[PDB]
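Next up, structure tokens for two forms of one chain, structure 1 and then structure 2.
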Structure 1
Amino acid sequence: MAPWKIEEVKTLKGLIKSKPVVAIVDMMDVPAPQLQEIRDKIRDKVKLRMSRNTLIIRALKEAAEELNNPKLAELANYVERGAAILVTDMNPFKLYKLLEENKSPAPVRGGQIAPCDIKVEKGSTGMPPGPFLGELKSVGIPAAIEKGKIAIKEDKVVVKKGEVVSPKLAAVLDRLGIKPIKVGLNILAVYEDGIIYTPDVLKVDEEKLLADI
């Protein structure tokens, strides 16, 4: 590795060694607005560093050796997608709740596979008469003019889980301000005290024994 990589790994290791709780999170797929929403909520509670996955793996492995704390190196096995290093003083369970419980709503993207059933709600859109009425009907959303505005006729699933969201449907849903996807920093694994916590363990256990130290 060139010196710049060594120096960047040095900064990553410094971060890893600075706090008792070290997590690997995934920051893939987060639009600007939602990202600032996440920023506002975790701002003072954690520290985050983005870097290439190959550098993150090396930093974890070397930091583990340098601290005589081998278990730390296991985090490397959980690095994937938009991996980032997060460090904090808050316990792994409080961290999981912080990141996983308070996610930011986001619009679904055209051509994306729906992660869940996506629905619309009956009622006025507050928008004037125009071509949008036709757009709605064209994507399977019954609608009509009522009280001088465009209104959706009834609640309805417009696309099912596992089905692709057509670009026109995505455009129409976004125009309605519908944000059916939840986005944010996803925890891949967390280390604390020679213990590696997986998401399944964090979600099921829910809280740390004896709370805090």
Structure 2
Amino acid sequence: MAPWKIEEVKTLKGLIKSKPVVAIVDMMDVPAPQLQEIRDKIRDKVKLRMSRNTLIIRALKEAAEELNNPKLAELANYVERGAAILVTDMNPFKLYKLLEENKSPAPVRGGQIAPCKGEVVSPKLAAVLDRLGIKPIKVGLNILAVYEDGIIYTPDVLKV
């Protein structure tokens, strides 16, 4: 272990027990002015801390183990990429809606799958798109899971 790692897992543990609905979100690839915007807009509605995923999964694991329920131990299944713990009391559907609302248009990346559809966007197509000032991909905080009274809510379910 490292110093900060024991300290910082206790910070995350403390968070998870801090509130009812416990969500993993993803802030990977998201530009830093755009995170400050969102972070400002959700200030009194959720708490959001980013931290290493290996450590996020630790926290979750010990939080559940120490709350004596499995159904938090299962958020670690869905931890990938830029994974930040986000906790709050607003129910998972309102949190899907909030976070979506605070998505902001951005230029698609080279090699990326075009989410609107399926096709890989070459480096030069995107370099051109980016040149024009075109911003077609909807970007912001991205839910991986939410926990709420004995079950997991996977965006699979949350959109429609």
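Rigid core here is just the name for the largest C-alpha set that superposes within 1.5 Å across the two forms. Residue numbering: sequential along structure 1, first residue numbered 1.
Enquirer: Take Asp44, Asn68, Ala32, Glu101 and report the one at the hinge of the rigid-body rearrangement between the two structures.
Expert: Where C-alphas switch their better-fitting rigid part, the residue is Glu101.
Enquirer: If you fit the C-alpha atoms of each rigid part, what angle in whole degrees does the small part swing through between the two structures?
Expert: Turning angle of the smaller rigid part: 19 degrees.
Enquirer: After fitting the core, how far does the CA of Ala106 move between the two structures, in Å?
Expert: Its C-alpha position differs by 1.9 Å.
Enquirer: Cα of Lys179: shift between the two structures in Å, core-fitted?
Expert: Core-aligned C-alpha shift comes out at 2.6 Å.
Enquirer: After lining up the core, report the Cα displacement of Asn77 between the two structures in Å, one decimal place.
Expert: C-alpha shift for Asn77: 0.7 Å.
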